[PDB]
4 protein chains.
Amino acid sequence: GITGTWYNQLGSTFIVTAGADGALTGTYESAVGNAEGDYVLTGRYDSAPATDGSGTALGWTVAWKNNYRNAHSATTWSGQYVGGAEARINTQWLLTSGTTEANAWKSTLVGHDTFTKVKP
Amino acid sequence: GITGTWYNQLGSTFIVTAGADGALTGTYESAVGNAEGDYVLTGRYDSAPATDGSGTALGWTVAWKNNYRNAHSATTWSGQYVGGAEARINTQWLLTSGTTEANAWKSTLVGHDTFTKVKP
Amino acid sequence: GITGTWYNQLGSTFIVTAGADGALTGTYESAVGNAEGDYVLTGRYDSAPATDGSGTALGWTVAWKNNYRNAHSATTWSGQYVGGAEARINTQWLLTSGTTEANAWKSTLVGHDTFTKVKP
Amino acid sequence: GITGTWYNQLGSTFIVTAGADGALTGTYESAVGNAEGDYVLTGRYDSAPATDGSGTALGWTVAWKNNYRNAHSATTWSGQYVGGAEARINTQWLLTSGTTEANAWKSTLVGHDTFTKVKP
């Protein structure tokens, strides 16, 4: 039940299709950072998860280049999907920027997002 | 630059194809963890990187399910490709396992990987 | 502001004393993991925070050894204290277990914690 | 064998004493960021680690305020010590800054450092 629209706490929006194979493909609209419009997203998910109640592991990447801006950065979300009345995708994320060698050490931001099927 | 076979510090291999559109595709074989054989890889990279000597932002995911195993988990690498005599893909990763709600707190491991174009 | 008893989202408690010098001292009791009883806590915080409405940078460590248990691991929380009607300590943490070299790759878990001044 | 001077790959220097109890106390000189001089560091370590070859879990915090600058930030290192000819402390780190609420999402940098008993 991953296919559809999801909203994080910060008002960001993404749409995705979860293929029967394990493909995640869709769009991400970010409500923060140097971003404007929709950005392509692609990732993977466990298409045959544990049947003991455990969530479904997944992950996806968005490169912050589109027709509007190019932040020269990229975020990957790593987390799991959990079904039910209060369905949510809980993730941790890493945002790496292209940096010179001198600045590499501070190239990566880390955060956490919680996505739900309704807006905050 | 990015397209080709890559090797990390631990014995893992990473064969990737960089699309003109910013797409990352390929297969991954992990030397560690609950894995064996090839796994699908999907990601994105900045197809118009800055020209100031900055690295090239990218990310990809691998879900650890293939025809032989399912670890009920996914790893995302977030990083930057760096050129030179010694080109590298410089990454940090998160590995999230599908868990129950009462084990969600210890769901995600974090680490780093350096990919070089020659075997360790 | 920071000195006092704090509670996270999972049932853990965090009693801390903020020194004038920037020192953080106290005891922690974890509701999760390989833990029971009180554990020593030591850390630091910015004793001269900016006045522009910014949070107050801080961090502390707890090694999971006390007179009753030893989990051969340590957790560091990195975060910022935020004032208001609803003061919070906003954190991300890394939990590193002592491992063998061939398990060093899966040594560290990453997560986040929100500490409030009232019980969950 | 933690007590003494350690150098990371980036030329940073720290000195520490590991008390028989589990106390880490000392100084950190950073070779990167908005830092000048020595900064106080405090943390914890496992003072009775596993006797199977496993490393010794530890963690420490530095608040980036001293007599020279105040970056209004703080780093926590989480990792393990490993003895032997090639002794090293391998860590992951989190650098949180005080931010307004609007900017909290990007308040934390993440990296990895490897410390040795001799300079790079």
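A, B, ... follow the sequence lines: proteins, then strands. Residue 1 opens every chain.
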Residues two or more places apart in sequence or in another chain: which of them pass ring pair (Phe, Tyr, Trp, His ring centres under 6.0 Å) with C/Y39?
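Expected list: C/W64.
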
With [X], which residues qualify under side chain to side chain donor-acceptor pair (under 3.5 Å), at least two apart?
{"X": "D/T91", "value": "none"}
{"X": "A/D46", "value": "B/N70, B/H72"}
{"X": "C/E101", "value": "D/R88"}
{"X": "C/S78", "value": "D/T96"}

Selection [range] - residue pairs positive for salt bridge (charged side-chain N to carboxylate O under 4.0 Å, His left out), sequence neighbours left out:
{"range": "residues 4-15 of chain C", "result": "none"}
{"range": "residues 1-11 of chain D", "result": "none"}
{"range": "residues 22-43 of chain C", "result": "C/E36-C/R69"}

Just to verify, what does [X] make a side-chain contact (heavy atoms from CB on, under 4.5 Å) with, not counting sequence neighbours?
{"X": "C/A74", "value": "C/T61, C/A63, D/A57"}
{"X": "C/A87", "value": "C/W6, C/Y81"}
{"X": "D/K106", "value": "A/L109, D/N103"}

Would you call [X] and [Y] a side-chain contact if the rule is heavy atoms closer than 4.5 Å?
{"X": "B/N8", "Y": "B/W93", "result": "no"}
{"X": "D/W77", "Y": "D/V62", "result": "yes"}
{"X": "C/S97", "Y": "C/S107", "result": "no"}
{"X": "C/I2", "Y": "C/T56", "result": "yes"}
{"X": "D/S54", "Y": "C/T100", "result": "yes"}
{"X": "A/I89", "Y": "A/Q80", "result": "no"}

So, [X] and [Y]: side-chain donor and acceptor under 3.5 Å apart, yes or no?
{"X": "D/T5", "Y": "D/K117", "result": "no"}
{"X": "B/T108", "Y": "A/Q92", "result": "yes"}
{"X": "C/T42", "Y": "D/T42", "result": "yes"}

Which value, rounded to the nearest 0.5 Å, describes the distance between D/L10 atom CG and D/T114 atom OG1?
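OG1 of D/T114 is found 9.5 Å from CG of D/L10.
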
Would A/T76 and B/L94 count as a side-chain contact (heavy atoms from CB on, under 4.5 Å) here? Give the steps.
CA-CA 9 Å; A/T76 63; B/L94 295 164; 5.6 Å; no

Check residues 14-28 of chain D and write down every donor-acceptor pair under 3.5 Å in which the side-chain atom is one partner and the other belongs to a residue at least two apart or another chain.
from	atom 1	to	atom 2	distance (Å)
D/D21	OD1	D/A23	N	3.3
D/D21	OD2	D/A23	N	3.4

Does atom NZ of D/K119 have more than 12 heavy-atom neighbours, drawn from other residues, nucleotides or ligands, at distances under 6.0 Å?
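Incorrect, the count does not exceed 12.
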
